[PDB]
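>>> build the 3D model from these lines:
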Amino acid sequence: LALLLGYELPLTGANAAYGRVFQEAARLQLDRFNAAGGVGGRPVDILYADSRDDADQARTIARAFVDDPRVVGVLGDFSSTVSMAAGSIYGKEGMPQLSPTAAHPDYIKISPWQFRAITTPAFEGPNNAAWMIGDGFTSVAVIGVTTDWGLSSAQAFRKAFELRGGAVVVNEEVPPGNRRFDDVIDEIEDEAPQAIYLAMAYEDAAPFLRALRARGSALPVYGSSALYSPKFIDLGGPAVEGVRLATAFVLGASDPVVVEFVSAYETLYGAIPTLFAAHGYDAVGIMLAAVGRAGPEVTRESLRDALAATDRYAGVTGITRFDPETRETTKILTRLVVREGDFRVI
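Numbers count the residues shown, from 1 in each chain. The protein structure is shown below:
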């Protein structure tokens with residue numbers, strides 16, 4: 001009698017920790033949903049399956065969910081690779097799939113049946129370029145790591161900035177773990193950009209900023225959501241004060257919708273929710289809301305349409321929309337600044 005949703009996630013293997021927080025978040029959302037009355041009084045239950053973050057295992061799991069007529073939708077997997085492996089089957093079979101974290105550009109292109117709760121890595125590029133233009137900058141220095149997300153986001157940022165009339169007077173690509181900053185700093189000194197945009201993670205950015213500030217530079221710094229971690233501050237100390245960044249999930253948020261989840265989660269699980277837990281929370285909520293609109297007689301086909309209709313979901317990871325044409329995910333990010341040892345909502 002209860003409506004069924006499948007959920008493939010890694011509970012064993014190198015990525016088991018992610019499957020665990022997915023389940024912790026899922027439980028909270030599902031319980032609230034059913035407590036609220038389910039779908040017109042009809043409860044919803046989730047059938048979990050350990051994918052082990054293994055493509056072949058994900059494929060047999062996908063066949064299994066497809067073969068069970070009760071399963072009308074599948075919440076789906078941690079990695080992009082595994083999500084896509086199962087995605088190929090779901091697309092061909094007509095099963096709507098919602099991955100909370102599959103961020104690879106190609107995942108959404110598999111078929112009209114794939115959806116993601118997270119945004120692609122490049123999404124923050126245009127967002128931050130627009131932000132800096134809005135703050136009055138017309139010339140910037142871009143420093144980015146050579147990882148896939150680093151290059152894609154840096155390229156999207158540069159393109160968006162120049163589209164708005166800004167100039168990238170310094171553009172440096174560095175490898176993960178890089179520790180030499182003197183040359184890039186000299187280049188910033190000579191070109192004199194008005195600001196710096198960092199397409200890199202906290203472990204590399206903290207030492208860079210210590211070097212930048214040690215040499216006396218007072219230029220403002222904006223950066224990737226990859227800088228978002230208490231470690232950014234523990235590692236950079238005074239040097240990271242004033243750094244700006246935007247992110248989907250804000251732990252120290254003041255927006256009622258976010259802290260309620262943060263509070264409920266910490267109280268029930270005794271630990272701070274991670275960004276993965278947050279996206280897992282929103283993924284389940286997005287799915288359930290879609291089922292709610294589809295109603296008790298929901299089908300895989302009607303659920304796919306409802307999921308695609310997601311336009312203004314008030315998630316803990318921000319207001320979320322699925323493009324009516326591409327199904328690509330966009331979100332209203334939250335701008336932050338590091339001030340007095342912690343991230344502050346601007």
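>>> list the contacts for the closest residue in space to residue 226 that isn't next to it in sequence?
In space, not counting the residues next to it along the chain, residue 226 is nearest to residue 201; the distance is 4.1 Å by C-beta to C-beta, 6 or more residues apart in numbering. Just so you know, the C-beta spots here come from the backbone N, C-alpha and C atoms, and that holds for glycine as well. Going by C-beta atoms under 8 Å, 6 or more residues apart in numbering, residue 201 touches 145, 176, 224, 226, 227.
>>> and for residue 113?
87, 90, 91, 94, 95, 96, 97, 304.
>>> if we use 10 Å, what do you get?
73-74, 87, 89-98, 300-301, 303-304, 307-308, 327 (C-beta atoms under 10 Å, 6 or more residues apart in numbering).
>>> now go through those and say which are in strands.
Of the contacts of residue 113, the ones assigned to strands by DSSP state E are 73, 74, 97, 98.
>>> circling back: just the buried subset of the contacts of residue 113, please.
73-74, 87, 89-91, 95-98, 300, 303-304, 307-308, 327 (16 or more other C-beta atoms under 10 Å).
>>> returning to what we had before: out of the contacts of residue 201, who's the most crowded?
Using other C-beta atoms under 10 Å as the neighbour test, the contacts of residue 201 are led by residue 227, with 30 neighbours.
>>> from residue 309, how far out is that one?
34 Å (C-beta to C-beta, to the nearest Å).
>>> residue 81 now?
28 Å.
>>> same deal with residue 320?
12 Å.
>>> who has more neighbours, these two?
Per other C-beta under 10 Å, whichever of residue 320 and residue 309 has more neighbours is residue 320, with 23 against 13.
>>> Three-state assignment for the more buried one, please.
strand (DSSP: H, G, I helix; E, B strand; the rest coil).
>>> among the contacts of residue 201, name the ones in strands.
Using DSSP E, those in strands are residue 145.
>>> and of the contacts of residue 201, the nearest to residue 191?
Of all the contacts of residue 201, residue 191 sits closest to residue 145, with 20.3 Å by C-beta to C-beta.
>>> surely the closest one meets residue 151?
Yes. Using C-beta atoms under 10 Å, residue 145 is in contact with residue 151, at 8.1 Å.
>>> what residues are shared contacts of the two?
With C-beta under 10 Å, 6+ apart as the test, residue 145 and residue 151 both reach 173, 199.
>>> pull the most distant pair out of the buried ones among the contacts of residue 113.
Spatially, the most separated pair among these is 89 and 308, at 19.3 Å (C-beta to C-beta).
>>> reformat the ones in strands among the contacts of residue 113 as JSON lines; add distance to residue 272.
As requested, the ones in strands among the contacts of residue 113 are arranged in JSON lines below (distance: C-beta to C-beta, whole Å):
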{"residue": "73", "distance to residue 272": "29"}
{"residue": "74", "distance to residue 272": "28"}
{"residue": "97", "distance to residue 272": "29"}
{"residue": "98", "distance to residue 272": "24"}
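>>> nearest to residue 138, of those residues?
residue 98 (40.4 Å).
>>> excluding chain neighbours, what is closest to that closest one?
Spatial nearest neighbour of residue 98, excluding adjacent residues (C-beta to C-beta, 6+ apart): residue 115 at 4.6 Å.
>>> pull out the buried residues from whatever helix or strand the one you found lives in.
Assigned by DSSP states H and E, residue 115 belongs to strand 114-116. Neighbour-count burial for strand 114-116, counted by 16+ other C-beta under 10 Å, picks out 114, 115, 116.
>>> report all helices and strands that that strand contacts.
strand 71-76, helix 80-93, strand 97-99, helix 275-294, helix 300-308 (3 or more C-beta pairs under 10 Å, 6 or more residues apart in numbering; DSSP states H and E).
>>> strands paired with it, and their directions?
Here strand 114-116 has these sheet partners by DSSP bridges: strand 97-99 (parallel).
>>> make a markdown table out of the buried residues of strand 114-116 and add distance to residue 128.
Shown next, in a markdown table, are these (distance: C-beta to C-beta, whole Å):
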| residue | distance to residue 128 |
| --- | --- |
| 114 | 26 |
| 115 | 25 |
| 116 | 20 |
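>>> from those, which is closest to residue 25?
Nearest to residue 25 among the buried residues of strand 114-116, with distances taken as C-beta to C-beta, is residue 116, at 15.7 Å.
>>> list the contacts of that closest one.
Taking C-beta under 10 Å, 6+ apart as the test, what residue 116 contacts is 76, 80, 83, 97-104, 107-108, 279, 283, 286, 322, 327-329.
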